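Peer 1: Have a look at this one.
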Amino acid sequence: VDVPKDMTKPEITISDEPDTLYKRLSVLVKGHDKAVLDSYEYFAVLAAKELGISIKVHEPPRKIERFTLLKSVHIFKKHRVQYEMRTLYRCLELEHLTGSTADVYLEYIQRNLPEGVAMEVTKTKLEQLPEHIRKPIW
Amino acid sequence: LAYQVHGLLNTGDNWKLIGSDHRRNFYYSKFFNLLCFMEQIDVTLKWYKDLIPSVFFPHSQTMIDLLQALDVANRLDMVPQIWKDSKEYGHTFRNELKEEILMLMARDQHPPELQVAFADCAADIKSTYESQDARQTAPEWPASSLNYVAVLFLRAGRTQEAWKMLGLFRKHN
Amino acid sequence: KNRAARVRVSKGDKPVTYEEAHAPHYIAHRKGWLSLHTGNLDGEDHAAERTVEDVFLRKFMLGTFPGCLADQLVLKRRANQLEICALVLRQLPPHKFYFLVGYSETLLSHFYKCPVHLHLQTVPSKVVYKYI
Amino acid sequence: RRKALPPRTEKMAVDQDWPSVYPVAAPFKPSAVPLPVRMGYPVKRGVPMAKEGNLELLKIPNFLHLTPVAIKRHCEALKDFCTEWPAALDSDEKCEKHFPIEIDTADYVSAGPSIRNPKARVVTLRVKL
Amino acid sequence: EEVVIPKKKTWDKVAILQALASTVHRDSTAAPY
Amino acid sequence: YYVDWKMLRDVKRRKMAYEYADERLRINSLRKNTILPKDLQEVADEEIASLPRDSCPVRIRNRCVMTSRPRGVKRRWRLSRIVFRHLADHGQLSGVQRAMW
Amino acid sequence: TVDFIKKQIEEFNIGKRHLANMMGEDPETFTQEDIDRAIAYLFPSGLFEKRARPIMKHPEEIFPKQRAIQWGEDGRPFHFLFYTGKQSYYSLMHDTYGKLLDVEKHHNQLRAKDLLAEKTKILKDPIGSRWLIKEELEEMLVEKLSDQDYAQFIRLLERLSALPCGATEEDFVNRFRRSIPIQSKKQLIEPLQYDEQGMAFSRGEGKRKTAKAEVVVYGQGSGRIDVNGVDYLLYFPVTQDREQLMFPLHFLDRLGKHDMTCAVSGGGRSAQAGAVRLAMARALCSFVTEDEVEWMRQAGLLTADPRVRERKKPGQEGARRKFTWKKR
Ligand SMILES: [Mg+2]
Ligand SMILES: [Mg+2]
Ligand SMILES: [Mg+2]
Ligand SMILES: [Mg+2]
């Protein structure tokens, strides 16, 4: 029943600089276990739907790295022990995302990133022609 | 008046100006005691759960005030749970708190369902006396404490347990 | 006969925990990795620095808590912060546990130049999975 | 000597809000999770191990701090820090008409004490002639 | 033109966490952090 | 103390190479270009060979950082083959598992 | 361990309530499937062993079935066969043998009265009935059995089932009956598709030895195949490869009655030729009657080729060849 009344105090100063428009934002998460990435996709999709982003999710093909090492510590080169590192992929595309909405979505996504995965963002910012090109100069 | 003081404390980050630990304990000591009798026990219990033990640990006198509120509110079914929380809150071996609980449970006769609950609590209280940490210096069993425990294990269908209590009166004089 | 990270059968009187009861070929099949970080991904750099830091913590935590450590540490690296999860027996008084927690957090943070989190779970004795 | 207090699971309410218990990402605490969860390969005739003293439930990156109840509460508060995409730029064809230059940039996040990735300096500029 | 570029919103780098901190209150059964 | 005297020698060798890395690069540029006069290139060869012997990139030896095994070392983890198996078989390396296919 | 099961039952119900509370669903319909999808989300374990993943189910389903207490406080066994070691199995044998004598006695009385009102109901072939497996039987009697004991019990049922059958016996027998799933090797005929005034065109998928083939066949054209935008003769100079494409069409005597276009990628000349052959066989099932589709299977057209290149073992020259073995 007893709660801290009005414990919210953030400020959002709306300046005069025009916002940056991103044509399309691509997020590619890579990890070792599918289950973590499967849950992470659900978290990203659920948050994206609530913000109204209309995202699409696809799974790029995986790649497997293998290498071979000797077994014993002396001679015996006919017996090998192999190892394998598996990197599973998952891509989340974002379309028609403004700069202001991009900042909050990415930082909210990045802070909740699990320890066993990492991600790369490819932002396709769009803008008009340069002043020299736009303004007629021969 | 206290709610306006407490309401101000919970606004924004004003809670960081409460003071030190002993000041925080003292601030909630006086405030919680006011919550006992000035308000209905139904809302007092809600504040008891929220404030304790998350914010502060109750003092022995504060437990006495809570017991008084229950007695005035005509509710003795919560007494066994209070004793269980008392041990968790560092009041396992408080002589002042033990006497109050034993007197209240055995003050009046109760239906068998409620009497068994007091008997279970009394047995736990009896075990605490057996394993006091003051036995190294001096173990003391109060005269009142032995009497109420013996009386309690009579009406709960524990006549066999009452027989062992008869010999304690002569052993402790 | 393979001998890598195995405990040999000796009657039925030696307790074995879950980690030690599984052969190394069971990794990623029955038991996970004790440490998780980005360094060993496909196209990620900085994998040797993480490995040497990981080994040091295996030797520091084992020596900071003599005898009271239950089994292997679990190291999680999120952002630039380092989380260390441990199982500790009920050996030292709680005053000493908080001293060592405070000592470990400050020393490692100023040594690796990164924030360190130290989370402890206390158990009465070593957890036994087979034999015993 | 010192004894072990009962876990807070017993005192946990039935209808209490979960996200208040876990505000941030934290490791799986057996006392702090009311859910009885068992994992690990079972014995020949037995059941998987309990949630107390189990390392298998500690290695996993938990998602208790991102419960769907918490996700809606988290995201809704963030809706203040946003601005709408202009409605006139609905079709992708119109985007080319009003903005003929698109620029590709990359940012990389990895676990470690350093963020410097030399692959983050590339810039790809594409223009429709 | 039929397109109006909306004005950007500028906030401090720590205000984003305080927005999430508002949603989560203190826990009744939890010991101090 | 490094694990062996050989490891200590490598640290001195790497340290010396770093100090003379830029100076060697500037002089080596003259030698590797055919547009400069041959007389100047002969003088450059004398100067580049007058530098201390340890300040040579080719003399740097890649060992294991734990046991200093001169060979059988994976370049990615900078670990010997024996030590790498010791860490990987216990599950102490993320994403490393026994290969089965 | 009766009480331990009881404790697990009550806390699992309490635990289920907490899981529904945090998931924000209706606790009255928090089914087990919903529990599994909730657990798989909260604890994302990436492990290949399906049994090693986190689980939270009904303790009756998790804990193995336990034997009940066999004696009272005075030590007297409850059942009358407890001193045979295996009370459950022998009691089942005693009851089963008793039913046979009762049937034999009842049949003997019926023969005396000159009445045969029973019929043999053992034949359950259309339902696909099979007897209990030894593992399944051990989980029904809650007791371990042996191969000799299981065979004797099954043979006794056959004697019971071979006699005239009564209503009570059939219920007793049917508890030991199990139904096999549907067995059939017929393929699913893909219905013909019509698109943009195009009539009778079907699509097929084929794969053989790292080579996938996409074949769409039109039933309204002359005899020609266009692979990758070029004529098939140019694309398959080898006579054998062009024989593979003939094989499906020639088997159905429709060499010139279909116009096809193909798109095959990966592999060598023979891998693609085999892949296109497989794709046509599956794509031509739409235009052909069902009886000849069975003929197609008996000729091996519709079955994928499982032969793929093996790996190279570490320590051997090839997949099977080893280095020269010098004895001395
Ligand atoms: Mg040495
Ligand atoms: Mg030369
Ligand atoms: Mg060399
Ligand atoms: Mg060969």
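Chain labels run A, B, ... following the order of the structure tokens; each chain numbers its residues from 1, and ligands are numbered from 1 in the order shown.
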How would you write, as a list in words, the set of residues no farther than 12 Å from ligand 2 when counting only C-alpha atoms and all ligand atoms?
Peer 2: residues 28, 31, 32, 33, 34, 41, 42 and 45 of chain F
Peer 1: Produce a file of the selected residues containing N, CA, C and O atoms, as a PDB file, in the first residue's frame.
Peer 2:
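part.pdb was written with the following content:
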```pdb
ATOM      1  N   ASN F  28      64.676   0.930 -44.074  1.00  0.00           N
ATOM      2  CA  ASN F  28      64.339  -0.181 -44.958  1.00  0.00           C
ATOM      3  C   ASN F  28      63.541   0.272 -46.173  1.00  0.00           C
ATOM      4  O   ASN F  28      63.529  -0.430 -47.190  1.00  0.00           O
ATOM      5  N   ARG F  31      66.012   0.928 -49.079  1.00  0.00           N
ATOM      6  CA  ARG F  31      66.578  -0.269 -49.694  1.00  0.00           C
ATOM      7  C   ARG F  31      65.597  -0.925 -50.657  1.00  0.00           C
ATOM      8  O   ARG F  31      65.991  -1.393 -51.731  1.00  0.00           O
ATOM      9  N   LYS F  32      64.317  -0.969 -50.292  1.00  0.00           N
ATOM     10  CA  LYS F  32      63.313  -1.703 -51.052  1.00  0.00           C
ATOM     11  C   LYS F  32      62.755  -0.919 -52.231  1.00  0.00           C
ATOM     12  O   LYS F  32      61.749  -1.341 -52.811  1.00  0.00           O
ATOM     13  N   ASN F  33      63.368   0.200 -52.603  1.00  0.00           N
ATOM     14  CA  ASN F  33      62.917   1.002 -53.731  1.00  0.00           C
ATOM     15  C   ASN F  33      64.051   1.137 -54.734  1.00  0.00           C
ATOM     16  O   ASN F  33      65.188   1.435 -54.354  1.00  0.00           O
ATOM     17  N   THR F  34      63.740   0.924 -56.010  1.00  0.00           N
ATOM     18  CA  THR F  34      64.744   0.917 -57.065  1.00  0.00           C
ATOM     19  C   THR F  34      64.911   2.264 -57.757  1.00  0.00           C
ATOM     20  O   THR F  34      65.758   2.381 -58.648  1.00  0.00           O
ATOM     21  N   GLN F  41      71.668   3.424 -51.686  1.00  0.00           N
ATOM     22  CA  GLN F  41      71.168   2.158 -51.157  1.00  0.00           C
ATOM     23  C   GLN F  41      72.274   1.368 -50.469  1.00  0.00           C
ATOM     24  O   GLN F  41      72.027   0.694 -49.462  1.00  0.00           O
ATOM     25  N   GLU F  42      73.498   1.429 -51.000  1.00  0.00           N
ATOM     26  CA  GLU F  42      74.613   0.733 -50.364  1.00  0.00           C
ATOM     27  C   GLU F  42      74.914   1.318 -48.989  1.00  0.00           C
ATOM     28  O   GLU F  42      75.254   0.582 -48.055  1.00  0.00           O
ATOM     29  N   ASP F  45      72.289   0.035 -46.517  1.00  0.00           N
ATOM     30  CA  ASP F  45      72.533  -1.332 -46.068  1.00  0.00           C
ATOM     31  C   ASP F  45      73.527  -1.365 -44.914  1.00  0.00           C
ATOM     32  O   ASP F  45      73.386  -2.170 -43.986  1.00  0.00           O
TER      33      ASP F  45
END
```
Peer 1: Among stretch 89-320 of chain G, which residues carry a DSSP assignment of helix (DSSP H, G or I), reported as a ChimeraX atom specification?
Peer 2: /G:89-113,134-138,147-162,167-174,232-235,239-252,269-283,290-298
Peer 1: Take the residues from that selection and write them out as a short mmCIF file (atom, residue, chain, number, x, y, z; two decimals), in the first residue's frame, keeping C-alpha atoms.
Peer 2:
```cif
data_model
loop_
_atom_site.label_atom_id
_atom_site.label_comp_id
_atom_site.auth_asym_id
_atom_site.auth_seq_id
_atom_site.Cartn_x
_atom_site.Cartn_y
_atom_site.Cartn_z
CA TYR G 89 3.73 -61.04 -11.75
CA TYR G 90 2.59 -64.33 -10.21
CA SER G 91 -0.77 -62.90 -9.15
CA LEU G 92 -1.27 -61.88 -12.78
CA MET G 93 -0.30 -65.40 -13.84
CA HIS G 94 -2.65 -66.92 -11.25
CA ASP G 95 -5.56 -64.76 -12.40
CA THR G 96 -4.81 -65.42 -16.07
CA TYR G 97 -4.67 -69.18 -15.52
CA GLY G 98 -7.89 -69.03 -13.51
CA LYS G 99 -9.70 -67.29 -16.36
CA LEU G 100 -8.65 -70.09 -18.72
CA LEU G 101 -10.11 -72.76 -16.43
CA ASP G 102 -13.32 -70.75 -16.03
CA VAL G 103 -13.55 -70.40 -19.82
CA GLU G 104 -12.79 -74.11 -20.19
CA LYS G 105 -15.37 -74.91 -17.51
CA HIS G 106 -17.86 -72.52 -19.13
CA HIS G 107 -17.15 -73.97 -22.57
CA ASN G 108 -17.53 -77.48 -21.14
CA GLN G 109 -20.93 -76.53 -19.73
CA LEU G 110 -21.92 -74.97 -23.06
CA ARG G 111 -20.93 -78.17 -24.87
CA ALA G 112 -23.06 -80.09 -22.37
CA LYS G 113 -25.97 -77.73 -23.11
CA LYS G 134 8.61 -56.43 -21.92
CA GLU G 135 9.59 -52.88 -20.96
CA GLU G 136 5.95 -51.75 -21.10
CA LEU G 137 4.82 -54.78 -19.09
CA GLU G 138 7.40 -54.05 -16.39
CA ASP G 147 12.74 -62.85 -21.01
CA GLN G 148 11.74 -66.40 -20.03
CA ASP G 149 8.95 -65.11 -17.78
CA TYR G 150 7.65 -62.71 -20.43
CA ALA G 151 7.55 -65.38 -23.15
CA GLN G 152 5.66 -67.78 -20.88
CA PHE G 153 3.07 -65.12 -20.01
CA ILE G 154 2.48 -64.14 -23.65
CA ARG G 155 2.07 -67.77 -24.71
CA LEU G 156 -0.48 -68.30 -21.94
CA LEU G 157 -2.51 -65.36 -23.27
CA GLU G 158 -2.44 -66.95 -26.73
CA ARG G 159 -3.99 -70.09 -25.23
CA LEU G 160 -6.59 -67.94 -23.47
CA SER G 161 -7.26 -65.95 -26.65
CA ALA G 162 -7.51 -69.07 -28.84
CA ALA G 167 -17.14 -60.51 -22.35
CA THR G 168 -15.18 -60.35 -19.09
CA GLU G 169 -12.13 -62.07 -20.61
CA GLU G 170 -11.98 -59.68 -23.57
CA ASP G 171 -11.74 -56.68 -21.24
CA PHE G 172 -8.98 -58.52 -19.37
CA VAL G 173 -7.16 -59.36 -22.61
CA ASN G 174 -7.52 -55.90 -24.18
CA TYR G 232 19.38 -29.80 -72.21
CA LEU G 233 21.48 -31.29 -75.02
CA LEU G 234 24.02 -28.47 -74.72
CA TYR G 235 23.97 -28.64 -70.92
CA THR G 239 25.07 -39.52 -73.28
CA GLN G 240 24.66 -41.17 -69.87
CA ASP G 241 23.46 -37.93 -68.26
CA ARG G 242 20.81 -37.44 -70.95
CA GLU G 243 19.80 -41.07 -70.37
CA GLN G 244 18.99 -40.22 -66.75
CA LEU G 245 16.52 -37.54 -67.83
CA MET G 246 14.92 -39.99 -70.26
CA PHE G 247 14.40 -42.63 -67.56
CA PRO G 248 11.32 -41.06 -65.84
CA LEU G 249 9.64 -39.98 -69.08
CA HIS G 250 10.39 -43.22 -70.93
CA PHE G 251 8.95 -45.30 -68.08
CA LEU G 252 5.60 -43.52 -68.50
CA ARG G 269 27.57 -33.38 -64.15
CA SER G 270 26.26 -36.66 -62.72
CA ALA G 271 25.05 -35.15 -59.44
CA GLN G 272 22.91 -32.62 -61.32
CA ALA G 273 21.68 -35.27 -63.76
CA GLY G 274 20.58 -37.50 -60.89
CA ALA G 275 18.99 -34.56 -59.07
CA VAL G 276 16.95 -33.51 -62.11
CA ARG G 277 15.90 -37.14 -62.57
CA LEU G 278 14.62 -37.26 -58.99
CA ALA G 279 12.77 -33.94 -59.27
CA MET G 280 10.93 -34.99 -62.44
CA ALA G 281 9.81 -38.26 -60.84
CA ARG G 282 8.19 -36.42 -57.92
CA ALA G 283 6.80 -33.63 -60.12
CA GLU G 290 -2.18 -43.62 -58.55
CA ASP G 291 -1.57 -47.21 -59.67
CA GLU G 292 1.43 -46.26 -61.83
CA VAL G 293 2.78 -44.12 -58.97
CA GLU G 294 3.25 -47.39 -57.08
CA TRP G 295 5.02 -48.73 -60.17
CA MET G 296 7.24 -45.64 -59.97
CA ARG G 297 8.29 -46.51 -56.42
CA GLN G 298 9.00 -50.16 -57.26
#
```
Peer 1: Taking only C-alpha atoms and all ligand atoms into account, which residues are within 10 Å of ligand 4, as a list in words?
Peer 2: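 Residues satisfying the distance criterion: residues 317, 318, 319, 320, 321 and 322 of chain G.
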Peer 1: Given a cut-off of 10 Å, what residues near ligand 3 show up using only C-alpha atoms and all ligand atoms, put as a list in words?
Peer 2: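 Result of the 10 Å neighbour search around ligand 3: residues 57, 58, 59, 60, 61 and 62 of chain F.
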Peer 1: Taking C-alpha atoms for each residue, export the selection above as a short mmCIF file (atom, residue, chain, number, x, y, z; two decimals), in the first residue's frame.
Peer 2:
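Generated file (part-v1.cif):
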```cif
data_model
loop_
_atom_site.label_atom_id
_atom_site.label_comp_id
_atom_site.auth_asym_id
_atom_site.auth_seq_id
_atom_site.Cartn_x
_atom_site.Cartn_y
_atom_site.Cartn_z
CA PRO F 57 61.34 -8.82 -36.41
CA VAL F 58 62.34 -12.25 -37.75
CA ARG F 59 64.14 -13.15 -34.50
CA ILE F 60 60.86 -12.88 -32.57
CA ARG F 61 59.72 -16.35 -31.48
CA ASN F 62 56.10 -17.24 -30.73
#
```
Peer 1: Quick one: residues within 9 Å of residue G:41, only C-alpha atoms, excluding same-chain residues fewer than 6 positions away - as a list in words?
Peer 2: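 Listed by chain and then number, they are residues 35, 36, 38, 39, 40 and 42 of chain A; 62 and 63 of chain D.
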Peer 1: Can you pull out the residues contacting stretch 61-71 of chain B? Cut-off 10 Å, using only C-alpha atoms, and skip same-chain residues under 6 positions away; I want them as a VMD selection string.
Peer 2: chain B and resid 28 to 30 32 to 41 44 to 45 48 77 to 79 82 to 83 86 91 96 to 97 100 to 101 104
Peer 1: What do you get as a PyMOL selection string if you pick all residues at most 9 Å from ligand 1, counting only C-alpha atoms and all ligand atoms?
Peer 2: chain F and resi 3-5+67
Peer 1: Define the interface residues of chain G facing chain D as those within 6 Å, counting only C-alpha atoms, and report them as a ChimeraX atom specification.
Peer 2: /G:15,22,42-43,52-56
Peer 1: Please determine the contact residues of chain C with respect to chain D at a cut-off of 9 Å, counting only C-alpha atoms, and supply them as a count of residues only.
Peer 2: 43
Peer 1: Can you tell me, as number ranges by chain, which residues in chain C count as strand (DSSP E) by DSSP?
Peer 2: C: 35-36, 74-78, 81-89, 116-123
Peer 1: Dump as CSV the rows for residues of chain F within 12 Å of chain D: closest atom pair and distance in Å with one decimal, only C-alpha atoms counted, ordered by chain and rising residue number.
Peer 2:
```
residue,atom,partner,partner_atom,distance
F:91,CA,D:59,CA,11.4
F:92,CA,D:59,CA,11.7
F:94,CA,D:59,CA,11.2
```
Peer 1: Emit the selected residues as a compact mmCIF listing (two decimals), in the first residue's frame, including C-alpha atoms.
Peer 2:
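Output file again_2.txt follows:
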```
# COMPACT_ATOMS: atom_id res chain seq x y z
CA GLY F 91 35.07 -26.73 -19.97
CA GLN F 92 36.98 -23.60 -18.96
CA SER F 94 33.80 -20.81 -23.98
```
Peer 1: Quick one: everything within 9 Å of residue F:16, counting only C-alpha atoms, minus sequence neighbours fewer than 2 positions away in the same chain. Send it as a ChimeraX atom specification.
Peer 2: /F:11-14,18-21,52,54-56
Peer 1: Distance atom CA of residue A:58-atom CA of residue A:109, one decimal place?
Peer 2: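 Atom CA of residue A:58 sits 17.5 Å away from atom CA of residue A:109.
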Peer 1: Could you work out which residues of chain A fall inside 12 Å of chain G? Count only C-alpha atoms, and format the result as a list in words.
Peer 2: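 Putting it all together, I get residues 31, 32, 33, 34, 35, 36, 37, 38, 39, 40, 41, 42, 43, 67, 68, 69, 70, 71, 76, 77, 78, 79, 80, 81, 82, 86, 88, 114 and 116 of chain A.
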Peer 1: Output as JSON lines one row per residue of stretch 14-117 of chain D within 12 Å of stretch 10-14 of chain E: the closest atom pair and its distance in Å to one decimal place, counting only C-alpha atoms, sorted by chain and residue number ascending.
Peer 2:
```
{"residue": "D:80", "atom": "CA", "partner": "E:11", "partner_atom": "CA", "distance": 11.0}
{"residue": "D:81", "atom": "CA", "partner": "E:11", "partner_atom": "CA", "distance": 8.3}
{"residue": "D:82", "atom": "CA", "partner": "E:10", "partner_atom": "CA", "distance": 10.2}
{"residue": "D:83", "atom": "CA", "partner": "E:10", "partner_atom": "CA", "distance": 11.3}
```
Peer 1: Tell me which protein, DNA and RNA residues are within 8 Å of stretch 63-72 of chain G, counting only C-alpha atoms, leaving out same-chain ones fewer than 3 positions away, and put them as a VMD selection string.
Peer 2: (chain D and resid 45 to 47) or (chain G and resid 1 59 to 60 75 to 79 82 142)
Peer 1: Can you write out the residues you just picked, keeping N, CA and C atoms, as a PDB file, in the first residue's frame?
Peer 2:
```pdb
ATOM      1  N   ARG D  45      18.293 -44.659 -12.190  1.00  0.00           N
ATOM      2  CA  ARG D  45      16.936 -44.729 -11.649  1.00  0.00           C
ATOM      3  C   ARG D  45      16.802 -43.598 -10.636  1.00  0.00           C
ATOM      4  N   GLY D  46      16.383 -42.434 -11.110  1.00  0.00           N
ATOM      5  CA  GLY D  46      16.275 -41.284 -10.243  1.00  0.00           C
ATOM      6  C   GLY D  46      15.682 -40.097 -10.965  1.00  0.00           C
ATOM      7  N   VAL D  47      15.910 -38.919 -10.394  1.00  0.00           N
ATOM      8  CA  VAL D  47      15.379 -37.673 -10.941  1.00  0.00           C
ATOM      9  C   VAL D  47      16.515 -36.664 -11.027  1.00  0.00           C
TER      10      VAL D  47
ATOM     11  N   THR G   1       8.156 -43.740   0.621  1.00  0.00           N
ATOM     12  CA  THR G   1       8.337 -42.372   0.151  1.00  0.00           C
ATOM     13  C   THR G   1       7.006 -41.756  -0.268  1.00  0.00           C
ATOM     14  N   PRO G  59       5.171 -34.460 -10.571  1.00  0.00           N
ATOM     15  CA  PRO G  59       6.088 -35.392  -9.894  1.00  0.00           C
ATOM     16  C   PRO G  59       5.720 -36.854 -10.075  1.00  0.00           C
ATOM     17  N   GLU G  60       4.448 -37.164 -10.330  1.00  0.00           N
ATOM     18  CA  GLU G  60       4.082 -38.542 -10.641  1.00  0.00           C
ATOM     19  C   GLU G  60       4.736 -39.000 -11.938  1.00  0.00           C
ATOM     20  N   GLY G  75       3.480 -57.155  10.642  1.00  0.00           N
ATOM     21  CA  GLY G  75       4.359 -57.864   9.741  1.00  0.00           C
ATOM     22  C   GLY G  75       3.677 -58.803   8.770  1.00  0.00           C
ATOM     23  N   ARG G  76       2.374 -59.002   8.887  1.00  0.00           N
ATOM     24  CA  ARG G  76       1.675 -59.903   7.980  1.00  0.00           C
ATOM     25  C   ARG G  76       1.617 -59.300   6.584  1.00  0.00           C
ATOM     26  N   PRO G  77       2.124 -59.983   5.560  1.00  0.00           N
ATOM     27  CA  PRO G  77       2.001 -59.464   4.194  1.00  0.00           C
ATOM     28  C   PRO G  77       0.545 -59.327   3.775  1.00  0.00           C
ATOM     29  N   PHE G  78       0.259 -58.266   3.019  1.00  0.00           N
ATOM     30  CA  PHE G  78      -1.111 -58.013   2.587  1.00  0.00           C
ATOM     31  C   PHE G  78      -1.550 -59.009   1.521  1.00  0.00           C
ATOM     32  N   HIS G  79      -0.708 -59.235   0.519  1.00  0.00           N
ATOM     33  CA  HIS G  79      -1.020 -60.169  -0.551  1.00  0.00           C
ATOM     34  C   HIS G  79      -0.663 -61.588  -0.127  1.00  0.00           C
ATOM     35  N   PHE G  82       3.214 -62.960  -1.407  1.00  0.00           N
ATOM     36  CA  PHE G  82       4.365 -62.111  -1.126  1.00  0.00           C
ATOM     37  C   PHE G  82       5.644 -62.918  -0.951  1.00  0.00           C
ATOM     38  N   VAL G 142       4.728 -52.809 -12.314  1.00  0.00           N
ATOM     39  CA  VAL G 142       5.634 -52.088 -11.421  1.00  0.00           C
ATOM     40  C   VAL G 142       6.663 -53.059 -10.852  1.00  0.00           C
TER      41      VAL G 142
END
```
Peer 1: Mind giving me the straight-line distance from atom CA of residue A:93 to atom CA of residue D:106 in Å, one decimal?
Peer 2: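 Distance between the two atoms: 14.0 Å.
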Peer 1: Would you give me, as number ranges by chain, the residues of chain A that come within 7 Å of chain B, using only C-alpha atoms?
Peer 2: A: 4-7
Peer 1: Pull N, CA, C and O atoms from the residues just selected and write them as a PDB file, in the first residue's frame.
Peer 2:
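What ended up in result.pdb:
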```pdb
ATOM      1  N   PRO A   4       6.475   4.799  -3.065  1.00  0.00           N
ATOM      2  CA  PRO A   4       7.054   6.125  -3.317  1.00  0.00           C
ATOM      3  C   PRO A   4       6.274   6.878  -4.382  1.00  0.00           C
ATOM      4  O   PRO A   4       6.241   6.462  -5.543  1.00  0.00           O
ATOM      5  N   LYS A   5       5.642   7.985  -4.001  1.00  0.00           N
ATOM      6  CA  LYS A   5       4.788   8.720  -4.924  1.00  0.00           C
ATOM      7  C   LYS A   5       5.637   9.498  -5.923  1.00  0.00           C
ATOM      8  O   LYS A   5       6.463  10.328  -5.529  1.00  0.00           O
ATOM      9  N   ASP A   6       5.426   9.232  -7.211  1.00  0.00           N
ATOM     10  CA  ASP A   6       6.068   9.957  -8.308  1.00  0.00           C
ATOM     11  C   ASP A   6       7.595   9.910  -8.190  1.00  0.00           C
ATOM     12  O   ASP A   6       8.265  10.911  -7.936  1.00  0.00           O
ATOM     13  N   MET A   7       8.128   8.703  -8.385  1.00  0.00           N
ATOM     14  CA  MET A   7       9.566   8.461  -8.346  1.00  0.00           C
ATOM     15  C   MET A   7      10.199   8.515  -9.735  1.00  0.00           C
ATOM     16  O   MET A   7      11.223   7.868  -9.977  1.00  0.00           O
TER      17      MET A   7
END
```
Peer 1: Looking at only C-alpha atoms, which of A:97, A:120, A:53, A:91 is the one that sits closest to chain C?
Peer 2: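 Looking at the shortest contact to chain C, the residue is A:120.
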